[PDB]
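Below, read A as the first sequence line, B as the second, and so on, with proteins coming before strands; counting in each chain starts at 1. Remember, it's 1-based here, ligands and their atoms both numbered in the order they're listed.
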Amino acid sequence: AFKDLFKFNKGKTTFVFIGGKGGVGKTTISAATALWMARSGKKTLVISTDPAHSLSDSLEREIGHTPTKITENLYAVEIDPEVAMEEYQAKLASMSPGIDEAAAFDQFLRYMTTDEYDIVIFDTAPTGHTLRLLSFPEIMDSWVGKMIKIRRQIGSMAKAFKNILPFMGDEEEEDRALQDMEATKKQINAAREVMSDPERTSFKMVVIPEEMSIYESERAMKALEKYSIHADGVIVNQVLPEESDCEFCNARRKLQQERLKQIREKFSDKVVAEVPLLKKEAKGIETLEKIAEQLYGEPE
Amino acid sequence: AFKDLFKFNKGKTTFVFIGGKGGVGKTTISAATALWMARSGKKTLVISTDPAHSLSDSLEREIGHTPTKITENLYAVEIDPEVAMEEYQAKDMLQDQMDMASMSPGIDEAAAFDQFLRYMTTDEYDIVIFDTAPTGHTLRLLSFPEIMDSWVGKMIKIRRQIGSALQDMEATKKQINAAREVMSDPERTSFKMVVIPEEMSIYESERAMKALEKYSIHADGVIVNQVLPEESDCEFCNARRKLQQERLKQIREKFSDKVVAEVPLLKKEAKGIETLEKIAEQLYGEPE
Ligand SMILES: Nc1ncnc2c1ncn2[C@@H]1O[C@H](COP(=O)(O)OP(=O)(O)O)[C@@H](O)[C@H]1O
Ligand SMILES: Nc1ncnc2c1ncn2[C@@H]1O[C@H](COP(=O)(O)OP(=O)(O)O)[C@@H](O)[C@H]1O
Ligand code: ALF
Ligand code: ALF
Ligand SMILES: [K+]
Ligand SMILES: [K+]
Ligand SMILES: [Mg+2]
Ligand SMILES: [Mg+2]
Ligand SMILES: [Zn+2]
């Protein structure tokens with residue numbers, strides 16, 4: 001019933017963030033889930049916000065900043081902050097730290113605005129920077145709100161003597177600019193509100209059965225349910241299969257099964273599902289669809 | 001001879017960045033390396049720049065923002081950007097700005113760069129090892145000095161033009177450029193890349209090695225971690241080892257201008273000082 005953790009509302013894009021520690025399979029799960037959604041008839045966009053993109057390696061397809069068709073109903077984007085800058089200036093250094101998260105938030109605004117997709121899936125950077133991304137809207141909201149407030153105060157002062165001294169300011173134009181800033185703020189705030197709406201946005205946590213991943217994600221889940229991001233599902237990836245006759249495997253599997261117990265105890269309030277480690281690398285559409293089919297069942 | 005890739009100049013801090021894709025073992029290798037340097041008599045600081053810190057989990061010790069003793073000759077830091085900010089303001093248009101900036105995207109990389117500035121100055125450690133964030137944000141860190149330089153400059157001329165401490169901002173600008181020189185100086189600074197024998201780690205790290213070129217970062221060594229040992233001989237292991245061994249050949253081909261070393265996958269998780277020392281010893285030999 002992991003597949004039931006995805007809700008859809010006709011005409012309102014569903015958002016899903018796939019997150020977790022480095023190397024646990026975020027990109028693998030994102031690409032498999034997106035392919036599954038596409039086969040299910042959902043118009044799907046999967047977007048990589050990791051500045052070292054891997055979605056293209058994972059699907060084995062060239063993918064750009066603008067939506068790239070992968071297959072019927074599946075489109076993909078690897079965010080390029082240089083291009084994101086251009087699309088910003090045009091609307092109203094592309095290499096400074098923080099730019100990747102600002103450009104990722106811009107993508108969220110775009111698709112929230114158009115509602116062109118049934119579901120948008122974010123393939124996120126490793127934990128620490130994705131928590132920055134997810135807390136960025138509230139910060140952007142406060143900042144824009146403060147700029148507007150200050151700008152209004154300076155305006156009030158500036159025109160306070162128009163009845164005593166010649167005041168040459170253009171109030172019309174000033175009022176339009178304030179109105180434009182307020183509309184930008186309303187957009188930022190609307191997005192913060194969609195992100196913490198469990199009916200629109202969810203976060204699926206990927207872990208592997210190893211303590212360093214478990215502990216990181218346990219800290220992350222706490223930080224998430226602080227920001228009111230709905231984090232309802234945990235996927236345990238790279239689980240060694242029973243078919244392990246050898247002594248090296250047996251030691252590792254025995255330890256993984258104890259970690260699975262810890263996982264089910266630490267995330268006891270969540271739905272937990274497993275994805276087995278394959279005999280080969282998880283890479284390539286056919287392999288990704290088989291992972292999706294075992295996790296979610298056959299596409300509807 | 002992998003250990004020969006670490007050059008030391010007494011009185012002058014050696015810098016090492018350990019980088020790579022998520023999950024490949026940067027923290028494990030950083031911590032194993034740091035313990036080895038310390039056992040070897042080098043006064044060693046290992047600094048996590050990954051905003052989700054794992055050094056504490058790896059070394060199994062509580063570590064703070066303040067250098068934290070781990071063993072003789074070894075200290076550790078998990079950067080806390082808020083403490084870095086009050087520290088930085090210690091040396092309401094601004095207040096709200098500082099508190100907001102202290103939680104904003106990019107603050108982690110700025111705070112990491114501040115650590116570099118602090119120790120390149122006071123050569124107090126023989127070696128400082130950066131346990132970096134995964135590839136993509138570590139590139140932002142490594143290109144940050146050029147951006148900082150330009151930015152401070154722009155800020156300079158703009159403060160002047162405004163009239164109604166330019167002597168200080170001006171110093172920090174030279175500090176920044178002195179740091180770039182240290183960073184691109186192969187006698188002082190190196191980058192070790194960690195990869196696992198899987199295509200997604202290989203391609204990401206090949207691309208990253210190219211972006212470091214542009215920055216003149218000296219990358220001289222590749223560590224291939226989590227290599228399945230030969231003993232494993234069940235059907236499942238053999239199939240995986242056979243693939244890894246083809247990936248090792250690709251790694252050696254693609255990083256042919258670098259020295260390549262392997263670290264075996266253990267039968268348990270790599271963590272705790274005892275296990276980490278075994279890894280350093282298998283990788284670098286006994287200390288001195
Ligand atoms: N279930 C699996 N079985 C086998 N290999 C896997 C599995 N899931 C992920 N991988 C491999 O593990 C590595 C990390 O997966 P990746 O999706 O890149 O992770 P992240 O996006 O979290 O960095 C890749 O080499 C991928 O092929
Ligand atoms: N050689 C190894 N053998 C077994 N487990 C390992 C080995 N190297 C690392 N690990 C395990 O792999 C996972 C990731 O290692 P970690 O150092 O956190 O990576 P990164 O810093 O690149 O995120 C951890 O659970 C760690 O214990
Ligand atoms: F997943 Al990491 F450093 F913890 F890349
Ligand atoms: F290592 Al990644 F997404 F590639 F965490
Ligand atoms: K990546
Ligand atoms: K981490
Ligand atoms: Mg990924
Ligand atoms: Mg790490
Ligand atoms: Zn085996």
Best match, A:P276, A:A125, A:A32, A:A52: closest heavy atom to atom 2 (C) of ligand 1: A:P276
Residue selection (non-hydrogen contact nearest atom 14 (C) of ligand 1) among A:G23, A:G22, A:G20: A:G23
Does only the side chain of [X] get under 4.0 Å from ligand 1, or the backbone, or both, or neither? Count heavy atoms.
X      : answer
B:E198 : side chain
A:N237 : side chain
A:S30  : neither

[atom]: the protein heavy-atom neighbour that sits closest, reported with distance to 0.1 Å:
atom                    : result
atom 3 (F) of ligand 3  : B:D50 OD2, 3.3 Å
atom 4 (F) of ligand 3  : A:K21 NZ, 2.8 Å
atom 7 (C) of ligand 1  : A:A282 CB, 3.6 Å
atom 19 (O) of ligand 1 : A:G25 N, 3.2 Å
atom 5 (F) of ligand 3  : B:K26 NZ, 2.7 Å
atom 3 (N) of ligand 1  : A:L278 N, 3.0 Å
atom 22 (O) of ligand 1 : A:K26 NZ, 2.6 Å
atom 23 (O) of ligand 1 : B:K21 NZ, 3.1 Å

Go through the side-chain N and O atoms of [X] and [Y] and say whether any donor and acceptor fall under 3.5 Å apart.
X      : Y      : answer
A:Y215 : B:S54  : no
A:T71  : A:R39  : no
A:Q262 : A:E258 : yes

Subset of ligand 3 atoms that lie under 4.0 Å from at least one heavy atom of B:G22: 5 (F)
Show the atoms of ligand 1 that are less than 4.0 angstrom away from any heavy atom in [X].
X      : answer
A:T27  : 17 (O), 21 (O)
A:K280 : 4 (C), 5 (N)
A:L277 : 3 (N), 4 (C)

Polar-atom distance check: [X] versus ligand 1, any N or O pair below 3.5 Å?
X      : result
B:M200 : no
B:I196 : no
A:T28  : yes

Steps toward salt bridge (charged side-chain N to carboxylate O under 4.0 Å, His left out) verdict (A:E247, B:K267): CA-CA 9 Å; A:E247 134 195 345; B:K267 266 182 177 187; 2.9 Å; yes
Closest heavy-atom pair and its distance - A:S213, A:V24: OG-CG1, 3.8 Å
Shortest non-hydrogen contact between B:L266 and B:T275, atoms and distance: CD1-CG2, 3.3 Å
Taking [X] for the side chain and [Y] for the main chain, is one N or O donor matched with an acceptor at less than 3.5 Å?
X      : Y     : answer
B:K42  : B:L74 : no
B:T68  : B:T66 : yes
B:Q115 : B:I79 : no

N/O/S from B:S54 sitting under 2.8 Å away from the Mg ion (ligand 8): no
Hey, are [X] and [Y] close enough for a salt bridge, meaning a charged N less than 4.0 Å from a carboxylate O?
X      : Y      : answer
B:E206 : B:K254 : yes
B:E262 : B:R252 : yes
A:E101 : A:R132 : no
A:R259 : A:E210 : no

Close approach, B:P134 and ligand 3, non-hydrogen under 4.0 angstrom: yes
Ligand 3 contacted by A:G23 (non-hydrogen, < 4.0 Å): no
Positive for ring pair (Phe, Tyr, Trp, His ring centres under 6.0 Å) with B:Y119, one of B:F15, B:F113, B:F130, B:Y125: B:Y125
